[PDB]
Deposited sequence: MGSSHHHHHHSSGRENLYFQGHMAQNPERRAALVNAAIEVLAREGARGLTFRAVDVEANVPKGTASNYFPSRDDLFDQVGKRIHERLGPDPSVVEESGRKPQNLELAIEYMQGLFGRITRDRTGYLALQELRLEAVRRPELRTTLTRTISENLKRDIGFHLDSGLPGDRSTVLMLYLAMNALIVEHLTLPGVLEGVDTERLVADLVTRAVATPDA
């Protein structure tokens, strides 16, 4: 129950450090808080291991307030480095493993549906494109920083995030 969650974390650490191919029951145990030979007893298959994290991953990851929030969320990035990176590894593996693709699709879809619903209900200006656009730009911003920080080195990321939110909430006719 909780021992499983401890193992799911150990898997998330292994994905972020080593990769999808690196993720194995041997490596999960070594990384795990019970390194005896536990993993194979908690997960029927390596295929089901990826699935568990696939279902679990998002637990580890007035216009002024929306802005401040997004900027602060991009700040918490360096700590949650590991969660966003394992997520990236899961995305790539999802192309190769259909069961993971199904599971990761639902999780991300439902989470995105909730953010759209939250925003529409919040009274903030903006439509569905607002949330999709913010969802997409923020995702890529986080990935760029984590993988190639040098790319955004000359970038004022605080102003960028302010500009992005401020433009996204606008609803012109396209």
* Any chance you could give me the deposited-sequence numbering of all the stretches lacking C-alphas? => 1-26, 88-102
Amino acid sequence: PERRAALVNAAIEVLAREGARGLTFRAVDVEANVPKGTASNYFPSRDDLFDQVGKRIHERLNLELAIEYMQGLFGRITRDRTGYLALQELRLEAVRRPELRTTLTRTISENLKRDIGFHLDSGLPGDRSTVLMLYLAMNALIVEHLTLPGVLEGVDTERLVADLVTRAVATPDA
From here on, numbers count along this sequence of modelled residues.
* Structure fact -> When mean C-alpha B-factors in the record are compared for 37-45 and 145-153, the larger belongs to 37-45
* Structure fact -> Of 87-95 and 68-76, the stretch with the higher mean C-alpha B-factor in the deposited entry is 68-76
* To do: Could you tell me which one of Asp127, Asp121, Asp115, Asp51 shows the highest CA temperature factor in the PDB record?
  => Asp51
* Relative to the other modelled residues of the same chain, rank the CA B-factor of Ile57 and answer lowest, middle or highest third. => highest
* Asked: Lowest, middle or highest third of the chain for the C-alpha temperature factor of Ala137?
  -> lowest
* Structure fact -> By the entry's values, the third containing the CA B factor of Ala32 is the highest
